[PDB]
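In what follows, a single structure is set out as structure tokens and then discussed.
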Amino acid sequence: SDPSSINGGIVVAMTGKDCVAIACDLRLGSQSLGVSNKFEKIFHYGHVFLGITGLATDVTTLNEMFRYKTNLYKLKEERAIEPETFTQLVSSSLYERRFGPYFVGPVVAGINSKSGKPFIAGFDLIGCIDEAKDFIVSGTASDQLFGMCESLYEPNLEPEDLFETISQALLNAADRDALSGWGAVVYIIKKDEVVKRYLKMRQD
Amino acid sequence: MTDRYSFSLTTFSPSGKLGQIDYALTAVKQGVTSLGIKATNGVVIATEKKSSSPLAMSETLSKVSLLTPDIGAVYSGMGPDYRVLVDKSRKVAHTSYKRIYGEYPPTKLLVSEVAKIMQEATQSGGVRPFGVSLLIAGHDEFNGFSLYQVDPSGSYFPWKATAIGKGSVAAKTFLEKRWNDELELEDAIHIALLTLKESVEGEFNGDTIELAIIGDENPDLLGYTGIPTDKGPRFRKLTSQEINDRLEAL
Amino acid sequence: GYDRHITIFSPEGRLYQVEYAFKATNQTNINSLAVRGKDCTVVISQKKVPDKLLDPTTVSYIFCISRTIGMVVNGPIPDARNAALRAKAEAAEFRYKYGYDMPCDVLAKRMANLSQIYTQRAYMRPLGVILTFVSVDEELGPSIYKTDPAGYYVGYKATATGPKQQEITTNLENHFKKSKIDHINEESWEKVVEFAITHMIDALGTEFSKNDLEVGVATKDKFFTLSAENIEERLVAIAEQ
Amino acid sequence: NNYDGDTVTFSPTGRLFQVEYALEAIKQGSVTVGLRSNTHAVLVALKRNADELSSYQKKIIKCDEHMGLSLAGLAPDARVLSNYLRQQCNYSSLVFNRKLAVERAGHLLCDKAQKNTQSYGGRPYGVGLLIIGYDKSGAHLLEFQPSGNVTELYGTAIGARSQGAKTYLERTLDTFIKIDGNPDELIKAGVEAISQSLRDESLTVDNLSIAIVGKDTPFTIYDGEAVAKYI
Amino acid sequence: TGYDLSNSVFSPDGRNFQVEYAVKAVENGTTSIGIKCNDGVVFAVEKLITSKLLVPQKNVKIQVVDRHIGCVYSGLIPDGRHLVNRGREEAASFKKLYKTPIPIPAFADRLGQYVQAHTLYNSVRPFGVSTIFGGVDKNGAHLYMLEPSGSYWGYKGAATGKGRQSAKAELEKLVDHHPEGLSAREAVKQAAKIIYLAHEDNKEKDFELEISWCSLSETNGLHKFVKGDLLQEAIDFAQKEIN
Amino acid sequence: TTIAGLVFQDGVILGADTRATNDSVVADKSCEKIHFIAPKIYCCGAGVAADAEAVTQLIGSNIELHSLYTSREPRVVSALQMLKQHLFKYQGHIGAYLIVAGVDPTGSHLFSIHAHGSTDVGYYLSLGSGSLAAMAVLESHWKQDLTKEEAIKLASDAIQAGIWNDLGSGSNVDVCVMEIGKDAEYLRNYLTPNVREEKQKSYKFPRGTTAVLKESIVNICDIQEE
Amino acid sequence: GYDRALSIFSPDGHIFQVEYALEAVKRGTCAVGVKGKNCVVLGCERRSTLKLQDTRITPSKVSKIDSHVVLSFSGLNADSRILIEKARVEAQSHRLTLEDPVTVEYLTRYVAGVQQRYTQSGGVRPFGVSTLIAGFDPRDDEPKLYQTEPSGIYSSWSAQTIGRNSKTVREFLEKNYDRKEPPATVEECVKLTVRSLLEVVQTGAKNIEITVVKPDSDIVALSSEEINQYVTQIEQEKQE
Amino acid sequence: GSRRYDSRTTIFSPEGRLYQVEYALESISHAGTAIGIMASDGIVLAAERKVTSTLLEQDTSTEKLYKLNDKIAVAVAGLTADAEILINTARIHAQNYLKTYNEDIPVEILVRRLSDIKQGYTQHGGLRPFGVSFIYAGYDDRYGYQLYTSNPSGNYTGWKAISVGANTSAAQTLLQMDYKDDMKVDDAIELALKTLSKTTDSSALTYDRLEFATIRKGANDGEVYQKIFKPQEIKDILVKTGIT
Ligand SMILES: *[C@@H](CS(C)(=O)=O)[C@H](Cc1ccc(CN)cc1)NC(=O)[C@H](CC(C)C)NC(=O)[C@H](CC(C)C)NC(=O)c1cnccn1
Ligand SMILES: [Cl-]
Ligand SMILES: [Mg+2]
Ligand SMILES: [Mg+2]
């Protein structure tokens, strides 16, 4: 009945030293029934990464929408969009549906190509921006993720330490939520290389 | 009480000319000389405040206009057409850009939007083309400084330096001799004032010349403090005093 | 030669319909003049009641647009009233939306932008009128702003409009060349009106009775027109010195 | 000449040529006569045939139980205007339980025809109408021209050669106005009037069309052997 | 040339020739007048009796607006009716919102702006009527006259149509000989006279007089037609003056 | 949320906390509740966070364009009128509760705007879940002709009252001072009374602690070119 | 909207815009339709002013409207696309509501109706296109060949040509086509179609295109070499 | 009324031609020449700028060659402003197709859409047609490399090599003379520049006058790369082919 928790799933993003990480689980369900264990929630438009939790149809729809918009942006501007600008685009686009919203919890992650500055942001379903320094959480186990992130996190982690922290935050949160899990993916993002890792986790 | 002009007033003649655009360019030719020069660390745009009467307060008539904090515009031709284009240019910067991306548009894209508006006057029903050529100078983070010309047709070209209107043929020859790629902003202002003296008959001073620059960020002109990222407008209109200072070193 | 019938460009780059709207401006054969004091803006205009059957109280080319703004027109009355009603509506709508009284210059710009649209759009003709707006603006002080059929507008220290505008203009030009200031250095509006009338008498070379003039005065927070008796008191003072 | 391309253009002498040309279509139309007394009002119409095989074009149209008209000019335009009258008569009945006044019916036709003369794209109506009716102020006869001018008359005629009938009625004025409580004699006077506009042809049984309305008489049309009595 | 073929086109003079051509239609029409009196107005009109077949007193030309305004016009009669119909809509929507009946100067502009609007576009024709109208409001009596251009002024006396020069001369005498003013019943009589005198320009056909009046004392400020004995008294007065 | 605004000798001052909450949890510990509208006109927003942000940004864009058109400094009454007329239109469905303050050629001004479009004029005002805690402090201490130094103290105190005593409010104190004839000064993180205490343990993991199934490089660049 | 009456009657009772549209058809490359006993063949001219063309991707002159009906044309190419699109839409719409594909006569009637609508609508000019529409009705083995034109008239033809020098190829077909015994086989029908084009085309085989349509949605376009064999056989028989 | 002033843009002449299309084509014949040449391993687009001034900022300038998506580009001949209206529409049609089907738009579908938009202006609306001819260069996985042209009539056709704008008669003769089917991109580059060099109304062909672009399936690992040549890169290729 509650759209944000039909399909389930989570996204978490963290900043580190000269890097960002964004991660997600792989579950798509119809409430109790597990349906797919390959539903990725993290997309990218050039070097800007967007995780989306919530109602799966809107997750897919918004991905297709932001691909569309960023493609036109690039043809007109003659450069890839940056995370700060994209964040504003995400907010704009969600708030224009203020009274018929997309039931999602988006999370922007990326490194500004000109300043080199790590950047993460989160939004509620109608586009209010939470531009955190430390971490952003989203999904059905957001409470669990807040609890993990808030204790596990420390600032200025190196890429390969940040991987461990964000992974353990995701995994232990997802195991305390019925509607998350079934696999997990972790992107480690640096200014000009991005590593993607699939995690081993309990499949219940 | 109907708008029955749903057909183009601009059409192709047998020779392939679009008459109304050509005539709009003729109106631009009769208009007062304006110019633009691009330096390494800035752009300058300039024109003569041709006062219709000495009783008129020419300060109130702004031929040089701020479009965004980092973009400025000047014209030659029909002033009323320019005024409304400035109004639409300012608005389109917000509606089609700032309210989407949370930042002001880059020079080329705002120019593109103005160009579009002028093109539509050249094809839409029941309208004549705009009788102006615009020179738009601006700066943005990824393209740097730039200067664009926009014609009644909706065509736009980027320039290192140019002139439009009355004495544009003579002025462009003058700019070709003086311009190089190592100019500082002060040097361009100096060249702008020299070039503009040739096309001016009567008085030549800070009160009869309008001149603005796209240069460094002006945090003093911002009006507020407390946000490190917002450093202030690059557009600045030179004062009557500031022009007369540079005319002594001329 | 249909380039002379609608608002499109001639081969010369000219809009003949705009130029002919300007000629309609002088169809009334009335001369107007506006000047600025320290605390006020005075506008005077010739009043000609040729018919004895006319009710002279209804013959006016001066309009009270808002409390603060007055508008004198040079041109045929139907277009004058068209422009007056629109200006009133615009001045009320402005106050409602933005919470303060519409400034004189902003109204002038708005009416000019409207006039511009008639020069670009073919189905609308230009109005054959020159609108001279006057107020004591709360920010700018005494203000004269004039709009024409071309959509051009500009501020003025003083101005004159009509068939003999050049004579009135040069008379005013010469006075401000002497005084070397942008206004009439005078405390009371009563004396600024006396100045306005005097310098029109000198320029036109004609004497006036109370019924040959029409006067409008802008002060802080109100614009008002003078009655025939108020003007008479003005004319008496001029004659007595 | 130059000023007759559309209805929106005045000539230099203040004339609307398109209206005057629409007026000309009435003159080409077949004659019809209207006349009344204090008790009854009568229409008489000379219907026109295309040739000997064809029917005779119907000239009279009923608008309500107490009102109707005869036409001269473009018959499709008379259909439009009559249909409008029917609706107005009907609107008055349904909403106000009130029979529409004949004078007010004229005013409505006038204003409908006027809109076509002042606006671009439209054309004037190319038809003249003679409206008869009996309302709360007795018998009435109206003449509608497509310029917009509607005129309350004792009698009149419109169409080709109508001037003959109109001069007759102008002489007979004092006689026929007094024909009260006698429908047949009032019809006779109308049939005699329309006879003044005939040349070569005469009034046959399928040629003639008569209608009448009055005090205790609904608007009824007579054609065929019902008008043989009056030939 | 070609500047007179389209409405809303300025000639090189600065004239709208189509509007001036509408004036020729007005000049071609029958004579109508208005007389402002002490506490009201009086309207009168010449109705040409084209034929004996016209019903007397039936083809009424003067029209009321609201309850307190009278309108008469010369020229294309249907155009005049279209304008009055508009006036009625204006007067109704004014009263609907503001409760009070529309003041006469306010009403005058509502027509003036509407007529003017028909000189702004080539898709419409100017009005082929000069309209004389007025009545009594809270500020007293008012008489107006409105031309095809949308130009209107207040008047002491007004006249338009074929006999306007004749009428105007007669109105100018009344203004000179009665500076303190004219009573309502006086104005009715003078109106009758002026229409009779102005009938020398339309002398071929005989005519029918029609008069109306608003007066604060005589009609309670309401528009009423002059009927019966008062109409006959005015006709007699007029007939005596021509002889 | 806890927002407040008050007037002093030759100016107006706004205050706000920095805690944004979803349900019972703390989504943001450092959010800006003081919104830019014009260089010398600001707005404190409580209620629905997206609605309050979006409404101020819109009016701020329209105020800028209006300023450009009229060649004048924008007025607080213009912002006030535009905000209320927009909020009224939406019948409280834009759940933004605002305190608008500023300086313009007319003088200094302070107004509150509720979600349904009602507006108040006051010398001190407070809105949001901590308004009662803040108003208690303002009512106890506010007086006429405050100095700027007293005004900042009182504003920050009113916000603090909310921070401590109200669960909805928390974290830091943002202040904006708009004084006549001077640039407005925006003071984000004016107070920082809620820095987290150091943790007992570092939960940084030994590398390889997490079990990994696959690895791959993501191509983020345009075209790898020949 | 733009409402101007472009197609109107002239004093002599002609609608010049419709007749001038036929002149655009007269300019267009020659198209010919010949129906046999168990097939229809659509021949089309390709003007050889344009070499360096890419014949894989260039719009082919014969278009499928459904799997069983085809449409060729002469006149303005851009105009033809609009008709072809509308027809293809109507073909699927008919299947969706009637549960049966269109007849060739129905499809022709629809296209003809669209062409007609443009000759008495405000703001539009007629289509500068005449069409040949050919195929077989569902579960029917009788060949169909219809012709439409800008005015909106349509009619059935044993054989017909349209476009430039269609006068000459109609002359040829009128003497060579026998109604009592039409081209019995596919070969004979194709040969008569190629022969008829060879009167006007004046060049070998690149300038001729052939499409054969047979019953039960059996449509195939002939290649250059297949057509070139017909051209060879025709002129070898002619040398005698 | 208004009828008086209506040019009637969408009518046939007695001969069955569309006046405005024909006159727009006459307009386009004065525009700077654009040449497209298709090879087995790529497409070349070469075009001559029209406004030689020394003061024109060439590196940020774009009058001739525009990108429609990552696979498809266009060369323009005619009114630049008109072309930019159409280009922004074509860019949107591409992205709509991508959003709907999750596949890049085939070249012919995009071309047909634009050409249909141009057609609309000749048949209805009473507006002037777009004074633009395009050369479309593109790639998709169905037909591979494709060249098309469209003109103001909305007619489009496919090509192996083609010219639009000025001196197309002279240009098409020269292309027809030297083109071959087994040709390669590097050869086509040379042909394009040689053709412009002979047909140009200018005294000599220089780098500051040209816009140049290639679409190659000679990117890393069998992808397709669009290269819009920078001014220095045009100057290099002019020296390489031996024109300057
Ligand atoms: C405090 C308002 S209160 C509880 O009435 O005193 C605060 C005001 C605020 C916060 C952040 C900004 C930044 N632009 C401006 C103003 N509002 C919130 O904390 C709201 C409180 C909700 C409306 C009860 N929180 C939200 O709007 C959050 C998004 C935030 C975290 C960005 N969204 C929701 O709570 C929510 C709940 N259900 C559906 C959608 N959103
Ligand atoms: Cl405006
Ligand atoms: Mg689980
Ligand atoms: Mg015009």
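Chain lettering (A, B, ...) mirrors the order of the structure tokens, residue numbering begins at 1 for each chain separately, and ligand numbering begins at 1 in order of display.
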
- Can you list every residue in range 155-223 of chain E that DSSP puts in strand (DSSP E or B), as a list in words?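 For range 155-223 of chain E, the strand (DSSP E or B) set is residues 155, 157, 158, 159, 160, 207, 208, 209, 210, 211, 212, 213, 214, 215 and 223 of chain E.
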
- Task: Considering only C-alpha atoms, return as an NGL selection string whatever protein or nucleic-acid residues lie within 8 Å of residue 45 in chain D, sequence-local ones (same chain, fewer than 2 positions apart) excluded.
- Result: :D and (31-33 or 43 or 47 or 59-60 or 70 or 194 or 208-210)

- Task: Using only C-alpha atoms and all ligand atoms, find each residue with an atom at most 9 Å away from ligand 4 and format the answer as a ChimeraX atom specification.
- Result: /B:127 /C:5-8,17-18,117-126 /E:8-9,121

Give me the residues of chain A that have any atom at most 8 Å from an atom of chain B; for each, the nearest atom pair and the distance in Å, rounded to one decimal. Use only C-alpha atoms, sort by chain and number, and format it as JSON lines.
```
{"residue": "A:76", "atom": "CA", "partner": "B:109", "partner_atom": "CA", "distance": 7.4}
{"residue": "A:77", "atom": "CA", "partner": "B:109", "partner_atom": "CA", "distance": 7.5}
{"residue": "A:85", "atom": "CA", "partner": "B:101", "partner_atom": "CA", "distance": 5.5}
{"residue": "A:86", "atom": "CA", "partner": "B:101", "partner_atom": "CA", "distance": 7.2}
{"residue": "A:88", "atom": "CA", "partner": "B:101", "partner_atom": "CA", "distance": 5.2}
{"residue": "A:89", "atom": "CA", "partner": "B:101", "partner_atom": "CA", "distance": 5.2}
{"residue": "A:92", "atom": "CA", "partner": "B:100", "partner_atom": "CA", "distance": 5.6}
{"residue": "A:93", "atom": "CA", "partner": "B:100", "partner_atom": "CA", "distance": 7.8}
```

- Message: Just want the 8 Å neighbourhood of residue 151 in chain H, counted on only C-alpha atoms, with same-chain residues fewer than 6 positions away dropped. Output as an NGL selection string.
- Response: :H and (25 or 115 or 118 or 132-134)

- Contacts of range 73-85 of chain C at 6 Å or less, counting only C-alpha atoms, minus same-chain residues fewer than 3 places along, as a ChimeraX atom specification? /C:25-26,28,61,88,127,129-131 /E:150-151

Saved selection, atoms kept: N, CA, C and O atoms, as a CSV table (one decimal), in the first residue's frame:
```csv
chain,number,residue,atom,x,y,z
C,25,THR,N,-0.3,62.7,-34.0
C,25,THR,CA,0.0,63.4,-32.8
C,25,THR,C,-0.3,64.9,-32.8
C,25,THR,O,-0.9,65.4,-31.8
C,26,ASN,N,-0.1,65.6,-33.9
C,26,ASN,CA,-0.3,67.0,-34.0
C,26,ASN,C,-1.7,67.4,-34.5
C,26,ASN,O,-2.0,68.6,-34.7
C,28,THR,N,-4.5,67.5,-33.1
C,28,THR,CA,-5.2,68.4,-32.2
C,28,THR,C,-4.8,69.8,-32.2
C,28,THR,O,-5.6,70.7,-31.8
C,61,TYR,N,-7.0,66.9,-22.0
C,61,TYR,CA,-6.0,66.0,-22.4
C,61,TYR,C,-5.1,65.6,-21.2
C,61,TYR,O,-4.0,65.0,-21.5
C,88,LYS,N,-4.1,53.3,-16.3
C,88,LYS,CA,-4.8,53.1,-15.0
C,88,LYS,C,-4.8,51.7,-14.5
C,88,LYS,O,-4.5,51.4,-13.3
C,127,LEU,N,-0.9,53.6,-31.6
C,127,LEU,CA,-1.7,54.7,-31.1
C,127,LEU,C,-1.0,56.0,-31.6
C,127,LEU,O,0.2,56.2,-31.5
C,129,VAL,N,-0.5,58.9,-30.5
C,129,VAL,CA,-0.3,59.7,-29.3
C,129,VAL,C,1.0,59.7,-28.7
C,129,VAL,O,1.8,58.7,-28.8
C,130,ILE,N,1.4,60.9,-28.1
C,130,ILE,CA,2.6,61.0,-27.3
C,130,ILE,C,2.2,61.2,-25.8
C,130,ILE,O,1.5,62.2,-25.5
C,131,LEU,N,2.6,60.3,-25.0
C,131,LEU,CA,2.2,60.3,-23.6
C,131,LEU,C,3.3,60.9,-22.7
C,131,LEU,O,4.4,60.4,-22.8
E,150,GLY,N,-14.6,57.2,-32.0
E,150,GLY,CA,-14.6,57.0,-30.6
E,150,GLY,C,-14.4,58.2,-29.8
E,150,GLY,O,-14.3,58.2,-28.5
E,151,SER,N,-14.3,59.4,-30.5
E,151,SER,CA,-14.2,60.7,-29.9
E,151,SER,C,-15.6,61.0,-29.3
E,151,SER,O,-16.6,60.9,-30.0
```

What lies within 12 Å of residue 27 in chain A using only C-alpha atoms, ignoring chain neighbours under 6 positions off, as a PDB file with N, CA and C atoms, in the first residue's frame?
```
ATOM      1  N   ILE A   6       6.996  -1.083  -1.372  1.00  0.00           N
ATOM      2  CA  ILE A   6       6.478  -2.251  -2.091  1.00  0.00           C
ATOM      3  C   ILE A   6       7.648  -3.102  -2.554  1.00  0.00           C
ATOM      4  N   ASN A   7       8.540  -2.461  -3.299  1.00  0.00           N
ATOM      5  CA  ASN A   7       9.633  -3.152  -3.981  1.00  0.00           C
ATOM      6  C   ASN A   7      10.842  -3.357  -3.088  1.00  0.00           C
ATOM      7  N   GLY A   8      11.087  -2.382  -2.216  1.00  0.00           N
ATOM      8  CA  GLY A   8      12.192  -2.443  -1.277  1.00  0.00           C
ATOM      9  C   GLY A   8      13.516  -2.054  -1.897  1.00  0.00           C
ATOM     10  N   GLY A   9      14.534  -2.020  -1.047  1.00  0.00           N
ATOM     11  CA  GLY A   9      15.898  -1.789  -1.471  1.00  0.00           C
ATOM     12  C   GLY A   9      16.476  -0.549  -0.845  1.00  0.00           C
ATOM     13  N   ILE A  10      17.802  -0.446  -0.919  1.00  0.00           N
ATOM     14  CA  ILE A  10      18.556   0.614  -0.265  1.00  0.00           C
ATOM     15  C   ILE A  10      19.691   1.152  -1.116  1.00  0.00           C
ATOM     16  N   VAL A  11      20.043   2.405  -0.833  1.00  0.00           N
ATOM     17  CA  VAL A  11      21.233   3.056  -1.376  1.00  0.00           C
ATOM     18  C   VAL A  11      21.915   3.840  -0.250  1.00  0.00           C
ATOM     19  N   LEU A  33       7.307 -11.422  -1.592  1.00  0.00           N
ATOM     20  CA  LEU A  33       7.878 -12.198  -2.688  1.00  0.00           C
ATOM     21  C   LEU A  33       9.118 -11.517  -3.240  1.00  0.00           C
ATOM     22  N   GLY A  34      10.248 -12.226  -3.247  1.00  0.00           N
ATOM     23  CA  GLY A  34      11.424 -11.796  -4.010  1.00  0.00           C
ATOM     24  C   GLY A  34      11.211 -12.111  -5.489  1.00  0.00           C
ATOM     25  N   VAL A  35      11.534 -11.159  -6.371  1.00  0.00           N
ATOM     26  CA  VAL A  35      11.308 -11.303  -7.826  1.00  0.00           C
ATOM     27  C   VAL A  35      12.603 -11.318  -8.646  1.00  0.00           C
ATOM     28  N   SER A  36      13.480 -10.340  -8.408  1.00  0.00           N
ATOM     29  CA  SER A  36      14.765 -10.231  -9.105  1.00  0.00           C
ATOM     30  C   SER A  36      15.889  -9.981  -8.132  1.00  0.00           C
ATOM     31  N   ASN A  37      17.040 -10.602  -8.384  1.00  0.00           N
ATOM     32  CA  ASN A  37      18.279 -10.377  -7.592  1.00  0.00           C
ATOM     33  C   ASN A  37      19.377  -9.696  -8.436  1.00  0.00           C
ATOM     34  N   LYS A  38      18.933  -8.997  -9.482  1.00  0.00           N
ATOM     35  CA  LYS A  38      19.795  -8.258 -10.388  1.00  0.00           C
ATOM     36  C   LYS A  38      19.262  -6.851 -10.668  1.00  0.00           C
ATOM     37  N   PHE A  39      18.442  -6.316  -9.769  1.00  0.00           N
ATOM     38  CA  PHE A  39      17.913  -4.975  -9.952  1.00  0.00           C
ATOM     39  C   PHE A  39      18.885  -3.981  -9.327  1.00  0.00           C
ATOM     40  N   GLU A  40      19.742  -3.408 -10.171  1.00  0.00           N
ATOM     41  CA  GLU A  40      20.689  -2.378  -9.745  1.00  0.00           C
ATOM     42  C   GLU A  40      20.000  -1.023  -9.640  1.00  0.00           C
ATOM     43  N   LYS A  41      20.364  -0.280  -8.598  1.00  0.00           N
ATOM     44  CA  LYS A  41      19.739   1.003  -8.286  1.00  0.00           C
ATOM     45  C   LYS A  41      20.658   2.197  -8.524  1.00  0.00           C
ATOM     46  N   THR A  53      16.292   4.660  -4.729  1.00  0.00           N
ATOM     47  CA  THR A  53      15.478   3.660  -4.028  1.00  0.00           C
ATOM     48  C   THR A  53      14.023   4.017  -4.176  1.00  0.00           C
ATOM     49  N   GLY A  54      13.162   3.089  -3.775  1.00  0.00           N
ATOM     50  CA  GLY A  54      11.725   3.323  -3.718  1.00  0.00           C
ATOM     51  C   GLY A  54      10.986   2.475  -4.726  1.00  0.00           C
ATOM     52  N   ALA A  56       9.905   0.845  -7.897  1.00  0.00           N
ATOM     53  CA  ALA A  56      10.856   0.436  -8.926  1.00  0.00           C
ATOM     54  C   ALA A  56      10.546   1.026 -10.299  1.00  0.00           C
ATOM     55  N   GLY A 139      16.204   4.427   1.422  1.00  0.00           N
ATOM     56  CA  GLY A 139      15.520   3.165   1.212  1.00  0.00           C
ATOM     57  C   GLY A 139      14.738   2.701   2.411  1.00  0.00           C
ATOM     58  N   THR A 140      14.355   1.425   2.360  1.00  0.00           N
ATOM     59  CA  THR A 140      13.521   0.782   3.382  1.00  0.00           C
ATOM     60  C   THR A 140      14.245   0.484   4.690  1.00  0.00           C
ATOM     61  N   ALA A 174      21.054  -4.156   5.617  1.00  0.00           N
ATOM     62  CA  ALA A 174      20.202  -5.012   4.766  1.00  0.00           C
ATOM     63  C   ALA A 174      19.771  -6.345   5.405  1.00  0.00           C
ATOM     64  N   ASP A 177      16.682  -5.863   7.535  1.00  0.00           N
ATOM     65  CA  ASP A 177      15.499  -5.475   6.760  1.00  0.00           C
ATOM     66  C   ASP A 177      15.074  -6.632   5.858  1.00  0.00           C
ATOM     67  N   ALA A 178      13.792  -6.981   5.963  1.00  0.00           N
ATOM     68  CA  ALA A 178      13.200  -8.065   5.190  1.00  0.00           C
ATOM     69  C   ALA A 178      13.255  -7.766   3.692  1.00  0.00           C
ATOM     70  N   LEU A 179      12.951  -6.511   3.341  1.00  0.00           N
ATOM     71  CA  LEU A 179      12.807  -6.076   1.946  1.00  0.00           C
ATOM     72  C   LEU A 179      14.090  -5.595   1.267  1.00  0.00           C
ATOM     73  N   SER A 180      15.239  -5.718   1.937  1.00  0.00           N
ATOM     74  CA  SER A 180      16.534  -5.459   1.305  1.00  0.00           C
ATOM     75  C   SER A 180      17.454  -6.677   1.386  1.00  0.00           C
ATOM     76  N   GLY A 181      18.474  -6.661   0.528  1.00  0.00           N
ATOM     77  CA  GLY A 181      19.488  -7.719   0.447  1.00  0.00           C
ATOM     78  C   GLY A 181      19.598  -8.331  -0.943  1.00  0.00           C
ATOM     79  N   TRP A 182      19.709  -9.664  -0.985  1.00  0.00           N
ATOM     80  CA  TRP A 182      19.751 -10.455  -2.244  1.00  0.00           C
ATOM     81  C   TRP A 182      20.944 -10.182  -3.189  1.00  0.00           C
ATOM     82  N   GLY A 183      22.021  -9.652  -2.612  1.00  0.00           N
ATOM     83  CA  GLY A 183      23.179  -9.165  -3.356  1.00  0.00           C
ATOM     84  C   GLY A 183      23.351  -7.670  -3.131  1.00  0.00           C
ATOM     85  N   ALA A 184      24.541  -7.168  -3.452  1.00  0.00           N
ATOM     86  CA  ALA A 184      24.855  -5.753  -3.280  1.00  0.00           C
ATOM     87  C   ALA A 184      26.014  -5.334  -4.183  1.00  0.00           C
ATOM     88  N   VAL A 185      25.987  -4.073  -4.622  1.00  0.00           N
ATOM     89  CA  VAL A 185      27.017  -3.482  -5.494  1.00  0.00           C
ATOM     90  C   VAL A 185      27.609  -2.229  -4.846  1.00  0.00           C
ATOM     91  N   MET A 201      26.758 -11.756   0.031  1.00  0.00           N
ATOM     92  CA  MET A 201      25.956 -11.652   1.244  1.00  0.00           C
ATOM     93  C   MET A 201      24.921 -12.763   1.321  1.00  0.00           C
ATOM     94  N   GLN A 203      21.637 -14.799   1.284  1.00  0.00           N
ATOM     95  CA  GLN A 203      20.584 -14.700   0.276  1.00  0.00           C
ATOM     96  C   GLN A 203      19.228 -15.102   0.878  1.00  0.00           C
ATOM     97  N   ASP A 204      18.819 -14.354   1.913  1.00  0.00           N
ATOM     98  CA  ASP A 204      17.470 -14.430   2.499  1.00  0.00           C
ATOM     99  C   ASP A 204      16.944 -13.035   2.915  1.00  0.00           C
TER     100      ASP A 204
END
```

- Query: Please, which residues of range 42-231 of chain D, numbered as in this document, come out helix (DSSP H, G or I) from DSSP, as a ChimeraX atom specification?
  - Reply: /D:75-96,102-118,162-176,183-197,224-230

- Please report as a PyMOL selection string which residues of chain F come no farther than 8 Å from chain H, using only C-alpha atoms. chain F and resi 223-226

Keeping N, CA and C atoms for every residue in the selection just given, could you write it to a file as a JSON list (two decimals), in the first residue's frame?
```json
[["chain", "number", "residue", "atom", "x", "y", "z"],
["F", 223, "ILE", "N", 33.88, 8.15, -25.49],
["F", 223, "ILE", "CA", 34.72, 7.46, -26.51],
["F", 223, "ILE", "C", 36.16, 7.06, -26.12],
["F", 224, "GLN", "N", 36.54, 5.81, -25.91],
["F", 224, "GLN", "CA", 38.00, 5.55, -25.98],
["F", 224, "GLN", "C", 38.40, 5.62, -27.49],
["F", 225, "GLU", "N", 39.28, 6.58, -27.84],
["F", 225, "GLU", "CA", 39.57, 6.98, -29.25],
["F", 225, "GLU", "C", 40.84, 6.30, -29.82],
["F", 226, "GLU", "N", 40.86, 6.07, -31.14],
["F", 226, "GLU", "CA", 42.05, 5.52, -31.82],
["F", 226, "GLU", "C", 43.12, 6.59, -32.07]]
```
